[PDB]
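One letter stands for each residue in the lines below.
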Amino acid sequence: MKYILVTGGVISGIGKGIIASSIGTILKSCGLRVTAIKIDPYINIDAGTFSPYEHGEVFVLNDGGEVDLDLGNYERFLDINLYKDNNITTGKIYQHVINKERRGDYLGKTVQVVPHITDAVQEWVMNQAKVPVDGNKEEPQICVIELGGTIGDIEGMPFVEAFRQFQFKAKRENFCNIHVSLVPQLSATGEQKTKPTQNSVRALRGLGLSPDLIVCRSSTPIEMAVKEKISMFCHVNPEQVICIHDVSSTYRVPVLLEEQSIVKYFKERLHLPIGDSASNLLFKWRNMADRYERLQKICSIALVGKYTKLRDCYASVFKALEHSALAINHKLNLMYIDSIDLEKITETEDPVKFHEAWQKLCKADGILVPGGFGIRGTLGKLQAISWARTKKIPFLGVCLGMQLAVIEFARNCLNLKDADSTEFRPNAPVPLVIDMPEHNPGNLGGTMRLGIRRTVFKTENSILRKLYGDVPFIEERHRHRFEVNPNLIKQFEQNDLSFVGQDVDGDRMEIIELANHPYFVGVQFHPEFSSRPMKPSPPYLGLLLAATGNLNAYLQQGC
Amino acid sequence: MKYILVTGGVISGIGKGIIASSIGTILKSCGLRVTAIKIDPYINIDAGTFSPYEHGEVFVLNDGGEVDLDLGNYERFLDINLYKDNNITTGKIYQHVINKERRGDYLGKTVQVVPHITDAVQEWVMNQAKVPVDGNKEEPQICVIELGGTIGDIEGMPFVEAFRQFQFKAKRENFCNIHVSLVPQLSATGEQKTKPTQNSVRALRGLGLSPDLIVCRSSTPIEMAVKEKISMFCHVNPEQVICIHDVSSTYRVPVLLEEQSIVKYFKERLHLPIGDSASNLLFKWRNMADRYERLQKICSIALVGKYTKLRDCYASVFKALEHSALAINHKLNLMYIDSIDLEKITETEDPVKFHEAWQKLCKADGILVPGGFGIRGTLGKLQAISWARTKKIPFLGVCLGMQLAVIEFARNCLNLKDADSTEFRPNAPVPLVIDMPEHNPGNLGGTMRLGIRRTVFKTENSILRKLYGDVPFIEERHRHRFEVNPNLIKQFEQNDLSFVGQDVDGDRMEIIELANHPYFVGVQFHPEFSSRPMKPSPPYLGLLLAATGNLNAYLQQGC
Amino acid sequence: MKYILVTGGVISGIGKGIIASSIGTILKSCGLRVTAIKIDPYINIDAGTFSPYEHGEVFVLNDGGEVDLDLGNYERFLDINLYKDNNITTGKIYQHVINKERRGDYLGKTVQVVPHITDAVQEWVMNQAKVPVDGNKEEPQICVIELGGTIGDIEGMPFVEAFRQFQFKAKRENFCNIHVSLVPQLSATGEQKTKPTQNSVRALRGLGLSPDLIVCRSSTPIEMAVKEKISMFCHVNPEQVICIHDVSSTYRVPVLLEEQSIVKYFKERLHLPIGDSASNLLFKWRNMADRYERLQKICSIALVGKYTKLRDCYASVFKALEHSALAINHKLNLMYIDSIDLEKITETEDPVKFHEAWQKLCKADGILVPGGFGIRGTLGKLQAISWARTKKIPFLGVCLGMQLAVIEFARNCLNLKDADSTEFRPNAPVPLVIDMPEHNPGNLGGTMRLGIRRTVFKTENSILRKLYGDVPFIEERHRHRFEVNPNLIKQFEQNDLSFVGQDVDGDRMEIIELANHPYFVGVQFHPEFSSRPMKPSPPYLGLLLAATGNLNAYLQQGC
Ligand SMILES: Nc1ncnc2c1ncn2[C@@H]1O[C@H](COP(=O)(O)OP(=O)(O)OP(=O)(O)O)[C@@H](O)[C@H]1O
Ligand SMILES: Nc1ncnc2c1ncn2[C@@H]1O[C@H](COP(=O)(O)OP(=O)(O)OP(=O)(O)O)[C@@H](O)[C@H]1O
Ligand SMILES: Nc1ncnc2c1ncn2[C@@H]1O[C@H](COP(=O)(O)OP(=O)(O)OP(=O)(O)O)[C@@H](O)[C@H]1O
Ligand SMILES: O=c1ccn([C@@H]2O[C@H](COP(=O)(O)OP(=O)(O)OP(=O)(O)O)[C@@H](O)[C@H]2O)c(=O)[nH]1
Ligand SMILES: O=c1ccn([C@@H]2O[C@H](COP(=O)(O)OP(=O)(O)OP(=O)(O)O)[C@@H](O)[C@H]2O)c(=O)[nH]1
Ligand SMILES: O=c1ccn([C@@H]2O[C@H](COP(=O)(O)OP(=O)(O)OP(=O)(O)O)[C@@H](O)[C@H]2O)c(=O)[nH]1
């Protein structure tokens, strides 16, 4: 099978996944079945126990994933839905190997990093490329492999040697190599240097891998004097240096590689079956490049998270939002509001950060309350829903807001201020939200609810049901532990806030809507992990429709 | 002797010399005698045969230097004038060693890179620190050593091993180590990475040198989360991480190190004699920081060079100009004008680049024609002086303009269009500018005129004589081969353009002034290499005085 | 042209030249024209100023060589005589490059180690392979390139990068790579390790060269478990691991590579024109393997040198001696005798080292006095010739003995004890040996006599003339400064010791013979540098013939 191994340049946050997916999604437009394998040097297995401020938010797979992210980017760009066993971490390999030397399966031979780890790496990447990953039941023909991390450090040492042996066991027509480096320029002056790319190549070539292409991502487009120096010093012909500058939206990244002629390259390098057309599909990639230049009324949410500045804790939501903004031809203005900045305590001690949050939340044409944990933010977010409740600005609750909207509603309408979730204080006189993890055969003890779960819409008066297409059940994914008590439904069996969804059996509800409001939805499932640039997320699409008021206008068409 | 060895971070053009001079010129304000030794890994000996577009302009020393530059920066910041034997290049060492193994002075032993080169390096740096360099006849006490180049490449291999052996032969109280790295951030996003600094340390520590300080120069000032990661990963305490952002003028660079408390550091590290005052001299460094923020009428030259965009071919002039702009409280607006863009040929084929040059030269309140060679630019620059001649905008000719102004004047006034310099065409019917290199005892053949040369002012009616202080002779330096024929003076023994200067004997003139003009000077010597931020260059100071019209107002004071 | 680049393993003294010549001299038996280029990382140019105890004796070429040695080994094994410009040292390159940047031939561009040195290396190796080197006037087809030194150190850094760029500029069919490593075993125990070969490969592959073959030279022949580990860890198939153990004579080294089938390898790798016969010439390499096992009367010299233990100061003579011992079917017993151990002074202070020298010199069936310099040994060697003079044991004087034999003869027969050479004391009342270097046009001052020089035999009664084949002139090479005065011949115009040779003009004599003696020869030329395993050196061949007494028996055949 043809394999493409991208790597890393000087710094980690270049845009590794934006290149590996782009050369993947060009080849998906070529008519090739694609997989993706992300090699990760971080020891930690099963990323789900991260605080999301170090790396980013989780992604969630079908079979129970808690996989990093970058993995999410591949899923969103390629139409692929994945499995959890191609997030191949260093802790995944060692737990696969330390659990074999107690079995004795290496026949008493002492196992060392070479070859008995690097044999287990080049068996892992053979099997995950072999399994189909898309709607067809058929093995693919390429496999874009992302060696994450940087290169030269101690973490990346068992892996580049694992692929050095792999160039020999594979054929040279079956292997490729991309190197995505940085040419940093100092705005302080004006020249543009090529030295960081030279030392990053001789750390790659010094470990026994040679770049086919070399991709120099920087701030500005680079001059032909720079393409000459990288061609002469890094010992590759000038047809393999591909510039990519900092573009405004990531949809320019696939069509910018079309101009630099990488499509016909892998015809000659990899010897893959291709004939040439318009080198991507003209209707669905060059179109939405022009949608992002020519824009309109800057509108359509404020966001209440619980973090400081856009570390990608919420980058997996912002790519889902501008999917919907791609549909309604609006520029989107994502503005973070810290839930600390809505507390009583900040106004007492600092009004510069507090009054700064309200200013944006009162002018907000839409709120969004995504998921979170812990006591931070929760007491601040309790006022944000009720502000949206009375003054009727639409919002969506995701995995925490659905908990918090049912808390505030009994406090306001039913005057039951004593009620709260059992997340925080177990001494609950009215335990309105109870813990109940899935007690399944094959799952011992308390196991977090995870994976694809069917949930059926009960009754017709849902604005969500018309958005998915009036199908009875939807198929979504979530990672949360807590539910409103089905006994505690008795408290709200008459109001305007009634529960809509039910799963296969019916022991939880997962979905709320409110009558006397434009658009009041709160869901337990994360509706971000199926959002694609072609069809947006159906809760998020209506949420921007409610912000522009065209939500009734979308259902005038129907039909 | 206490030695400070700065190095290099990721890319070459960080600001190595701006840090090594700054920690030098803090210690000069401490009351310590300073030298400077710049280690250069480039094989080429005696930089003077450079095209000035690869590296920059030359510097010229007293004894006959053709030394790079960075060396010039030390000279200008420290009051030091240097010798040519501390520009210690790789070609200087090998020519010092290959000329010893024919002598047999290694006693028949085969010489290899270690130790017999690295012995010759640590004897070179011992001797150049030992020689006095300033007005006192006394050995200094520190020696700021600049290991130029970057680190990790093949050129820098004989030198870091040369200083690894040097930490043992010296005492730990006598040695220091600075590392000036880059933390590149991508404006494309917003985070700030620390990885390039980590790999640059483990290439330095992997060659056997440990940083005392670590200096992270970048675009923006960096947050305490970045100072924590560099302290924890690069294994130095957080008192040795010093931030320096891209500041507007280089005079902030000494006073910004004062805020980060590096003055008291070397009291504890190097054990040098110091008591504390205001940590620099309050009148002459923090004052001119405020001169550059608060500014005035944006005026005071256009420049006609012969190059494209400000590669530092003329950075050794621009630092001399804003010395004078530091004196007259004016912002300076250096605008390059290519001499190609004044030719007849560009207007025929492209008026976008041609008309763009004139636009700036007609609004120019002052022209400047610095030195150059070859047929490029010369035919273009012939119109620039005559444009300044008739319409009377002041300019200065430096080492080529003095040739070109005497050419145009016989063509215009004396109608001798046949005359030209013997630089370009030897078939000269009127050879107005003749070749005559110095034929000296000890100098065989044609040797370029070079070094400090006395030149005496003949007569009183010079506007230059009042600027230097009415001394009879001035002491300047130049590197040029050509002179107007002393026989050809007969052509101009009556006009308004008469020759002013004479050297010790009188076989050349070196200096012109024109009567019916505000300020018309052309000099063979380079008046850039003595310009300091305290007293500017005396031709360049009057040139900005003529631009603002206060040139008469400067001599109203006198006295 | 097909190029083979051998390298180095862990330690320097493996046997680099014994492998590179052997794969050369197999291909010479294949019917291919061969050159040789030895890359040397030692800075010193023109090895001739060595003390011969660091590296070894010199070799002397035709055009004036003072080249190391290993070069001598190629000459002796291949029938090739060389030029001095393929001893390409590091000091040869830099003196070729520092003498070009004063010319300006790099067009003002700053030259660095990459590429402008490595361009000059891959132009040097192109030209020396291009020039013919053998009796034909035709370019060869292979070029065995010896990258001397080891690999990984600082000296070998400009060269392995110089050949990494060379694999791309050449074609993969035109390039090869040998790696000659050590597998050290400890007699202390018994196992045999493969670790030093693994780390030596990943320092070679880490610099961008891959071994075609891998040659493991050690003490014992190695087991198939060792060939499996080197095949699996060093990532080459088990057909390219070639064992070679410590063999008794170096003539087994070509025929041992025949058994391991490297002849058919380069047919497949290099794509060179070959058909197969007996894979070497059966009459002249496998024959003299059996000559060295089956041997005879252990006889046939003691040697008086001036050194301690057989550092190869005299290895260029011992290979010439066992050429003659290959002809007379005798085992040779080379025993060193220090000339210190024949002095008066050692017997006074130590008789353990003194009496140990005489014991071997009185039982000596032949003496040999090779070349040397300085006051050490000279006063000791004066008794060794007179011991050979009276008691009539044959010897040969080489470049110093010819001086010393003419000194002792006037002291003994003519009773002129006052006479001595002008090498040591210039106050000579009878200056019997005078200095006269060649004063040639194109050679300024005192230049050492060097290169091929014709010398004609005057008269018939020479035992040397019958050995060369009664040709009038012979063609030999030497490096010496001193001659007997042609005026001082008047002292010996009647004795039994008369001068035999004369060059083209006749101002020196170069050759002595004595009548009343079996074999008394002393020559100024070095007769070691033409000795080949087929025909021995004609003075050295008769010297072993005089030791066995068959010297008359050789001339009974004639004819
Ligand atoms: N072409 C681009 N131009 C500007 N910004 C980009 C581009 N590609 C990606 N980015 C932004 O930079 C960040 C880094 O990109 P990406 O997540 O693909 O790298 P990654 O290798 O997956 O990260 P990690 O190494 O943490 O897994 C992303 O959050 C994205 O928003
Ligand atoms: N603190 C600073 N902020 C912004 N720009 C700077 C600073 N210091 C220096 N520069 C600019 O960047 C350039 C590089 O500085 P400098 O010449 O000191 O480096 P260098 O090591 O001497 O260069 P080279 O390695 O070529 O000798 C200079 O031309 C200068 O104008
Ligand atoms: N196959 C062999 N077995 C045993 N000894 C050998 C063998 N080949 C060479 N030697 C001996 O070991 C010494 C080293 O061999 P050789 O001179 O070929 O190495 P070299 O690389 O030329 O040395 P240098 O690196 O100093 O030039 C020689 O003096 C020779 O006598
Ligand atoms: O996609 C990736 C790739 C790599 N990594 C992991 O990040 C590490 C490299 O991390 P960085 O290079 O980003 O540096 P750092 O985390 O130490 O500090 P910052 O610069 O982020 O402020 C690697 O050790 C790798 O395990 C990720 O977390 N995500
Ligand atoms: O002050 C210095 C320092 C170093 N150098 C020399 O510059 C080389 C490093 O040069 P660079 O790191 O700047 O890269 P480059 O010249 O190959 O191409 P650009 O990035 O400039 O476009 C080093 O090999 C060193 O010899 C200088 O010229 N001046
Ligand atoms: O054939 C050669 C090869 C290499 N060399 C030169 O020898 C050096 C390697 O020398 P060694 O590896 O032999 O170590 P050393 O000389 O320092 O000390 P000993 O082990 O000999 O006792 C290299 O730096 C190279 O320049 C030779 O002299 N002759």
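Residues numbered from 1 in each chain as written, not as in the entry; some residues may be left out. Chains lettered and ligands numbered in written order. Part of a larger assembly, values for the part shown. Heavy atoms only, no water.

Under the PDB entry, chain A has the name CTP synthase 2 and belongs to Homo sapiens. Per the PDB header, the title for this entry is "cryoEM structure of the substrate-bound human CTP synthase 2 filament". Quoted straight from UniProt, the Function entry for chain A says "Catalyzes the ATP-dependent amination of UTP to CTP with either L-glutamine or ammonia as the source of nitrogen. Constitutes the rate-limiting enzyme in the synthesis of cytosine nucleotides." Taken verbatim from the UniProt record of chain A, the Catalytic activity comment is "UTP + L-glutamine + ATP + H2O = CTP + L-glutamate + ADP + phosphate + 2 H(+)". (UniProt positions renumbered as here; feature names shortened; annotations may be inferred.)

(A) Broad picture of the packing of helix α14 (residues 378-390) of chain B against helix α15 (residues 401-412) of chain B. Residues and elements named next belong to chain B. Remark: α14 packs on α15, axes separated minimally by 9 Å, with the N-to-C direction vectors making an angle of 70 degrees. As judged from the angle between their axes, α14 and α15 are roughly perpendicular. The handedness of the crossing between α14 and α15 is right-handed. In this structure, α14 contributes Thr378, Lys381, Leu382, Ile385, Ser386 and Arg389 to the contact, and α15 contributes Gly401, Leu404, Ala405, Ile407, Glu408, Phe409, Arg411 and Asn412. (Axes fitted to C-alpha atoms, helices over the stretch in contact; angles between N-to-C directions. Helix = DSSP H or I, 4+ residues; strand = E, 2+ residues; numbered from the N terminus. Parallel < 35°, antiparallel > 145°, perpendicular 65-115°, else oblique. Left-handed = near helix turned anticlockwise from the far one by under 90°. Contact = heavy atoms within 4.5 Å.)

(B) Main features of the sheet that holds strand β18 (residues 473-477) of chain B. Residue and element names in this part refer to chain B. If you trace the three strands from one edge of the open sheet to the other, you get β18-β17-β21, paired in antiparallel fashion. Each edge of the open sheet is held by one strand with a lone partner, namely β18 and β21 (501-503). Sheet twist, expressed as the average angle between the axes of neighbouring strands with direction ignored, equals 40 degrees. Both strand β17 (residues 452-457) and β21 contribute to a ladder of three bridges, which runs antiparallel. Following the sheet pairing, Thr455 is matched in β21 by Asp503. (Pairing = 2+ DSSP bridges.)

(C) Representation of the pairing of strand β12 (residues 395-398) of chain A within the structure. All names here are of chain A. Along β12, one buried face is formed by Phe395 and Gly397 and the opposite face, lined by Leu396 and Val398, is buried too. By the bridge criterion, three bridges tie strand β11 (residues 367-369) to β12 in an arrangement that is parallel. When the sheet's bridge partners are listed, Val369 is paired in β12 with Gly397. With helix α14 (residues 378-390) bridging β11 and its parallel neighbour β12, the resulting β-α-β unit is right-handed. Inspection of the sheet shows β12 paired to strand β23 (residues 520-523) by four bridges, in the parallel sense. Bridge pairing in β23 links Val398 to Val523. (Buried < 20%, exposed > 50% of the residue type's maximum accessible area, 1.4 Å probe, protein only. Right-handed = clockwise from strand over helix to strand, strands pointing away.)

(D) Molecular detail of the interface of chain B and chain C. At the junction of the two partners, chain B supplies 29 residues and chain C supplies 29 residues. Summed over both partners, the interface of chain B with chain C comes to about 2800 Å²; 64% of that surface belongs to carbon and sulfur atoms. It is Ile43, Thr110 and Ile154 of chain B that lose the most area in chain B upon contact with chain C, and together they represent 23% of the buried surface on that side. Where chain B packs against chain C, one counts two salt bridges. Ionic pairing is found between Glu54 of chain C and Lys109 of chain B, a salt bridge with its closest N-O pair at 2.6 Å. Linking chain B to chain C there are twelve residue pairs in polar contact. Those elements that provide at least two residues to the side of chain B that touches chain C are α3 (90-98), α4 (113-130) and α5 (157-169) of chain B. Considering every element that reaches the side of chain B that touches chain C, the biggest residue donor is α3 of chain B, with five residues. Partitioned by chemical class, the residues of the side of chain B that touches chain C number 15 nonpolar, nine polar and five charged. (Buried area = accessible area lost by both parts, 1.4 Å probe. Salt bridge = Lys/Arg side-chain N within 4 Å of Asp/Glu carboxyl O. Polar contact = N/O pair within 3.5 Å; in protein donor to acceptor, adjacent residues only side chain to side chain. Nonpolar A, V, L, I, M, F, W, Y, C, P; charged D, E, K, R; others polar.)

(E) Here's a closer look at the pattern of salt bridges. Going through the model one piece at a time under the given rule, you end up with 58 salt bridges over all chains. Of the charged contacts, one joins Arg508 of chain A and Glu483 of chain A as a salt bridge, the two residues approaching to 3.4 Å between their closest N and O atoms. Pair noted here: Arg508 of chain A is in the loop between β21 (501-503) and β22 (511-514) and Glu483 of chain A is in strand β19 (residues 482-484), with a separation of 25 residues, a long-range link. Residues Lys38 of chain C and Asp70 of chain C are paired through a salt bridge, measuring 2.9 Å at the closest nitrogen-oxygen approach. With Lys38 of chain C in strand β2 (residues 36-40) and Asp70 of chain C in the loop between β2 and α2 (71-78), the pair connects residues that are 32 residues apart, well separated along the chain. Overall, the relative accessible area of 28% leaves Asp70 of chain C in the partly exposed class.

(F) Focus on the relation of the copies chain A and chain B. Of the transformation placing chain A onto chain B, the axial shift is 0.0 Å and the rotation is 180 degrees, giving an RMSD of 0.0 Å. A rotation of that kind, with that shift, is consistent with a two-fold axis. Within chain A, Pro184 of chain A has its C-alpha nearest the rotation axis, a separation of 3.2 Å. Both copies contact each other with a shared surface, as 100% of the interface residues of chain A are interface residues in chain B too. (Least-squares fit on C-alpha atoms.)

(G) View of the environment of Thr378 of chain A. Residues and elements named next belong to chain A. Relative to the elements of secondary structure, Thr378 occurs in helix α14. In this structure the C-alpha to C-alpha distance between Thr378 and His55, which are 323 residues apart in sequence, comes to 22 Å. Other than its neighbours up to four places away in sequence, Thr378 contacts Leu404 and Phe424.

(H) Looking closely at the pairing of strand β4 (residues 142-147) of chain C. Residues and elements named next belong to chain C. Counting buried residues in β4 gives six out of six residues, a clear majority hidden from the surface. Across four bridges, β2 lies against β4 in parallel orientation. Bridge pairing in β4 places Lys38 opposite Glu146.

(I) Examining the site of ligand 1 more closely. Taken together, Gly15, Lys16, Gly17, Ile18, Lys38, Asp70, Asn73, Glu146, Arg217, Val253 and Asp312 of chain A together with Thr189 of chain B make up all the residues around ligand 1. Chains contributing residues to the immediate surroundings of ligand 1 are chains A and B. At 3.4 Å from an oxygen atom of ligand 1 is found a main-chain nitrogen or oxygen belonging to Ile18 of chain A. Contact distances for ligand 1 include 2.8 Å between an oxygen atom and a side-chain N or O atom of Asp312 of chain A. Take the shell around ligand 1: its biggest share by element is three residues, from helix α1 (residues 16-30) of chain A. Partitioning the shell around ligand 1 into residue classes produces two nonpolar, four polar and six charged. (Near = heavy atom within 4 Å.)

(J) Spotlight on the UniProt feature "domain: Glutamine amidotransferase type-1" in chain A. Sites flagged by UniProt as "domain: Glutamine amidotransferase type-1" map to residues 300-554 of chain A. Segment residues 300-554 of chain A splits into 30% helix and 23% strand. End C-alpha atoms: 16 Å apart.

(K) How the structure looks around the interface of chain A and chain B. Between chain A and chain B, the residue contacts involve 21 residues of the former and 21 residues of the latter. Buried surface at the junction of chain A and chain B, summed over both partners, amounts to about 2100 Å²; 58% is from carbon and sulfur atoms. Put simply, chain A and chain B have two salt bridges between them. The salt bridge partner of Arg311 of chain B is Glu191 of chain A, with a shortest N-O separation of 3.6 Å. At the boundary of chain A with chain B, the tally comes to two residue pairs in polar contact. With three residues, helix α6 (residues 195-204) of chain A is the single largest residue contributor to the side of chain A that touches chain B. Looking at side-chain class alone, the side of chain A that touches chain B contains eight nonpolar, five polar and eight charged residues.

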